[PDB]
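Summary of the model geometry
Residues per chain are reported as follows:
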Amino acid sequence: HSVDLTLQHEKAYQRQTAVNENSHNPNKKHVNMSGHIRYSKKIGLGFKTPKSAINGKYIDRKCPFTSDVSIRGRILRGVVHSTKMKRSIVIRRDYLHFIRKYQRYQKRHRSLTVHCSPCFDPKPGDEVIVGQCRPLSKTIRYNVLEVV
Amino acid sequence: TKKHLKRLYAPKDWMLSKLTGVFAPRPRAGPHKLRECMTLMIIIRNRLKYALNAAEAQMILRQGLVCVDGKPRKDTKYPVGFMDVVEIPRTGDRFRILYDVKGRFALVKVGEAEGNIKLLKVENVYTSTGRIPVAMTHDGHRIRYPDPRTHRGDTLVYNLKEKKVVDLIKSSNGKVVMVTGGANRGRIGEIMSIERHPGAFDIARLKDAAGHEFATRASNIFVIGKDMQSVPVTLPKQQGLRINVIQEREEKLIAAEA
Amino acid sequence: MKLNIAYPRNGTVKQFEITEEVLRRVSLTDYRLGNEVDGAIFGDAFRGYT
Amino acid sequence: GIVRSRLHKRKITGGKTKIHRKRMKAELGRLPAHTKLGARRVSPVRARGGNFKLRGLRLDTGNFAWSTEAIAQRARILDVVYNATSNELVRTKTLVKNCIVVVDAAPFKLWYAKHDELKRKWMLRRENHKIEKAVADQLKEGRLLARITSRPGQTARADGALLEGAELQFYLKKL
RNA sequence: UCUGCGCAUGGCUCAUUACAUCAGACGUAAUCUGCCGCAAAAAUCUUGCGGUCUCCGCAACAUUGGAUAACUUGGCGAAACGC
RNA sequence: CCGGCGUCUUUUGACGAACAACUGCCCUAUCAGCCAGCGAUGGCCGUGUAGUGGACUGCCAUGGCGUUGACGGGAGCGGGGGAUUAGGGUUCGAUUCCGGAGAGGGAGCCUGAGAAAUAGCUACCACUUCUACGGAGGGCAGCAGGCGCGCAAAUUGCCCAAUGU
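Residues numbered from 1 in each chain as written, not as in the entry; some residues may be left out. Chains lettered and ligands numbered in written order. Part of a larger assembly, values for the part shown. Heavy atoms only, no water.

Method information in the entry identifies cryo-EM as the source of the structure, with 4.0 Å recorded as the resolution.

As structure tokens, this is what we get:
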């Protein structure tokens, strides 16, 4: 077809490796992005697919919607500690541990790192839901399913 | 690779003792898992009593006088799990192992034409090469060409006289069903409901006869028959009904007065 | 040294000797395994052998 | 020897791991294989799976594919134009996955002319078909730009797909 | 003595060691897996004889080839699970 | 004419191997800042591995963690469990079972499905044994036993009958 140079800044190009979208057709013309070839994947635990993934343009290999990355055992919740880093957020879980001797609780927080899909971009203080995926960096094991 | 097992770390459903010996047999891998199986030597020696010693069990089995699945075995250690027919033709007796009520291995005695029947639960179905469908079971048996109506977690009646599969039975609806593992072992009842939790274990609620409902995991369901009057195979000593602690003790005393 | 001389395709082998004198009158640095050697080198009683 | 581990590395807290265990053979790097151009040479290594994997050295031929028409033919690898990773690589004409390359292009030409009983099949295939312009110009000359979509360093076979309009237009402009 | 299988398990000891290790629960759609079990398997121009050009014609439990230890002979070294 | 064994490759259950994570863990602030030249946190493309991954190369971004105690130091193999307590607790765990690690101290390697094996190999270092001194070896935290050590701890016995491999 033709290039979209809004996405591209890479020395490698970026393509979607699931489905060929690089074929020339006039069927990607006179349309915003809807008629353009995409890959889409449902998450079947009740996490409804966004619009953005389905009709989009964005190329990411580390989100379950546009990739073969899969959602497995654990699903947790947590807020947004910071939005810093590119396609990576920082989540903070907070829970309560109990101590028997004093019969009294304590507050303890896990500050964790996650890979946030370029679909979502939640503000600080928002609550996020996150699933269990294969390792994606040194610290990152999670992915963003949904945002509240 | 483990090649040794210690008596305590071994199941006490094999009913070994703390004292006498230090080791227990670790069986060769086969149809059944380490915890759910019972090794040949244990059966012959400690239960049937055709052997008084380890070496005597080798004497019988290596020679061959013993069959399981109707096939003769020259194996000293082999698993025997659940719904396995074992036949010693010298005695002329046919045992069918099962799960007795109260967590015990049952050894139940069957008419000769029932010992050609067997029931295998299906685990996965998949298409293999040539478009040839396969049901793989919980005993590792491969049923070529299963019915198009087969699903995961259903039973397939399996002729051991000549190998094939007659009509199936499903886990659908209320049907007479029994439990495997989970310490509700050998308890029989209807399926009242099947709960779903996707991405996690699927609870099922069973209701045994004379009420008293309860819950066990889908994974631990093993079908028996369509109905309790349509069962293909025998029940163990107790019918699949448990009783209260008080009543156990009461009956133990009543019989001891004889 | 010694020689153990062997005739292939009978399997006969026999130990023969050679003096130091013999060796001294020929090179040993120029000779190595895989080299064929003419009889005369070994001081004869081996003449015309290879 | 060489290992792949997080236990010689700093934590997220900036602290240091402390050891108690000598390194496993389960974790195990090996030195990178260098696939270039020249005469084919293949040195196997035995791996943990009880099978061999093949170290491509100096592969000068690849099995290349033309997109959209579902075909492929062998042809000769001539040059490397470009790579994402480094410029250094390109100059030595190393072959590693997602290098753009240059190929003989001859069999593709031959094929496309075949794309009395025969004759009317052609006319049917000519109908409802077209080709990108930047493709055909190159394909005329007898050179083409392709990508190597198999990793040659662990199979010792270099297979590639041929660039088509959307992606071709990008790599072209990077040169 | 060649060949096959096992010897990595058992046994013994706590030195390192605090996001390590371990315990309960959980995943490997991110992978390997001998022995064991249930099983699967239709690529393959070969062999022999006769004539004869390295070519043909017939025939069809397929009728295949070459070494190496023990051993024998000469031995070596102070000794050597050394040659 | 039939039976019992044996083997190649393919296939997937079992027995295991190898990774990752949710939650939990003694004292110390007279240890408060820690992390990135040479990877610290992340993105992008490759490389490597049986495999995921800064595991690693190159490029780009400037992050990551901390008084809810990071980082550093001291003491300690972990758990099941032991002792003591009316209750709440207090204290112990070197040691039979399970899990991990080690074989004088370190590193490297072959073979194998599985080992970074040590009664397998290669090298160095600390020790140590033979030799007509040209060379050749040894590794008990396996069972006995000996020396040393300290307040402190058994026979150079008999047997594969039993229990396992």
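**Here we look at the overall build of chain B**
Tallying secondary structure elements over chain B gives three helices and 19 strands in all. Relative to a compact globule of 258 residues, whose C-alpha radius of gyration would be 18 Å, chain B shows 20 Å and is just as compact. Each principal axis of the C-alpha atoms in chain B carries an extent, and together these give about 55 × 50 × 40 Å. Pairs at least 24 residues apart make up 47% of the contacts formed inside chain B by residues separated by at least 6 positions. Put simply, chain B shows about 15,000 Å² of open surface, and 54% of that area lies on carbon and sulfur atoms. The centroid of the 47 positive side-chain charges in chain B is displaced by 9 Å from the centroid of its 27 negative side-chain charges. (Helix = DSSP H or I, 4+ residues; strand = E, 2+ residues; numbered from the N terminus. Rg over C-alpha atoms; globule rule 2.2 N^0.38 Å. Contact = heavy atoms within 4.5 Å. Areas by Shrake-Rupley, 256 points an atom, 1.4 Å probe, with all protein chains shown as cover. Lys, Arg positive; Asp, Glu negative; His and termini not counted. Charge placed at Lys NZ, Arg CZ, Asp CG, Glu CD.)

**What about the packing of aromatic side chains?**
All told, the structure shown has ten aromatic pairs over all chains when counted by the stated rule. Judged by centre distance (5.0 Å) and plane angle (80°), the rings of B:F82 and B:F222 are edge-to-face. Taken together, the residues span a long stretch of sequence, with B:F82 in the loop between β6 (79–80) and β7 (85–88) and B:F222 in strand β19 (residues 221–223) at a distance of 140 residues. As far as burial versus exposure is concerned, B:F82 and B:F222 are alike and both buried. Judged by centre distance (6.4 Å) and plane angle (20°), the rings of D:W111 and D:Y112 are stacked. Accessibility expressed as a relative area gives 23% for D:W111, which makes it partly exposed. On the basis of relative accessible area, D:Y112 is assigned to the partly exposed category, the value being 30%. (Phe/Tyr/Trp six-rings, centres within 6.5 Å; stacked < 30°, edge-to-face > 60°. Buried < 20%, exposed > 50% of the residue type's maximum accessible area, 1.4 Å probe, protein only.)

**Points about the UniProt feature "domain: KOW" (unreviewed entry) in chain B**
Within this numbering scheme, the UniProt entry marks residues 170–197 of chain B as carrying the feature "domain: KOW" (unreviewed entry). Secondary structure content for residues 170–197 of chain B is 0% helix and 39% strand, and the end C-alpha separation is 20 Å. (UniProt positions renumbered as here; feature names shortened; annotations may be inferred.)

**Section: the protein's contact with RNA strand F**
RNA strand F sits among 109 residues. The nearest are A:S82, D:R4, D:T13, D:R55 and D:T85. At the protein interface, 78% of the atoms of RNA strand F within 4 Å belong to sugar or phosphate. Counting residues per element, the ones that place at least two in the surface near RNA strand F are β2 (89–99) and β3 (104–114) of chain A, β2 (23–24), α1 (40–48) and β10 (117–128) of chain B together with β2 (52–57) of chain D. The element that contributes the greatest number of residues to the surface near RNA strand F is β3(A), accounting for six residues. Looking at the surface near RNA strand F residue by residue, the class counts come to 30 nonpolar, 31 polar and 48 charged. (Near = heavy atom within 4 Å. Nonpolar A, V, L, I, M, F, W, Y, C, P; charged D, E, K, R; others polar.)

**Here we look at the protein's contact with RNA strand E**
Surrounding RNA strand E, one finds 35 residues, the nearest of these being A:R74, B:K6, B:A29, B:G140 and D:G49. Among atoms of RNA strand E positioned within 4 Å of the protein, sugar and phosphate together represent 75%. Residue D:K11 places a side-chain N or O atom 3.1 Å away from a phosphate oxygen belonging to RNA strand E. Of all elements in the fold, only β12 (142–144) of chain B together with β2 (13–16) of chain C reach the threshold of two or more residues within the surface near RNA strand E. Of all the elements, β2(C) adds the most residues to the surface near RNA strand E, at three residues. For the surface near RNA strand E, the class distribution of residues is seven nonpolar, twelve polar and 16 charged. (Polar contact = N/O pair within 3.5 Å; in protein donor to acceptor, adjacent residues only side chain to side chain.)

**A short note on the sheet that holds strand β17 (residues 203–207) of chain B**
Residues and elements named next belong to chain B. If you trace the five strands from one edge of the open sheet to the other, you get β18-β17-β16-β15-β19, paired in antiparallel fashion. Every other strand in the sheet has two partners, leaving β18 (213–217) and β19 as the edge strands with one partner each. Taken over all neighbouring pairs, the strand axes of this sheet differ in orientation by 50° on average, direction set aside. Across three bridges, the pairing between strand β15 (residues 176–179) and strand β16 (residues 188–194) is antiparallel. Directly across from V176, in β16, lies its bridge partner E190. (Pairing = 2+ DSSP bridges. Axes fitted to C-alpha atoms, helices over the stretch in contact; angles between N-to-C directions.)

**Regarding the domain arrangement of chain B**
By a frequent convention, interface size equals the accessible area lost on bringing the separate parts together. All names here are of chain B. In terms of domains, chain B is made up of domain 1 (1–113), domain 2 (118–168) and domain 3 (171–242). A straight line from the C-alpha centre of domain 1 to that of domain 2 covers 26 Å. Taken together, the eight residues of domain 1 in the interface contact seven residues of domain 2. Three residues, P31, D69 and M83, lead the burial of domain 1 against domain 2; their summed loss comes to 66% of the area buried on that side. Counting across the domain 1 and domain 2 interface gives two salt bridges. (Domains from an automatic or database assignment. Buried area = accessible area lost by both parts, 1.4 Å probe. Salt bridge = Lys/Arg side-chain N within 4 Å of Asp/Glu carboxyl O.)

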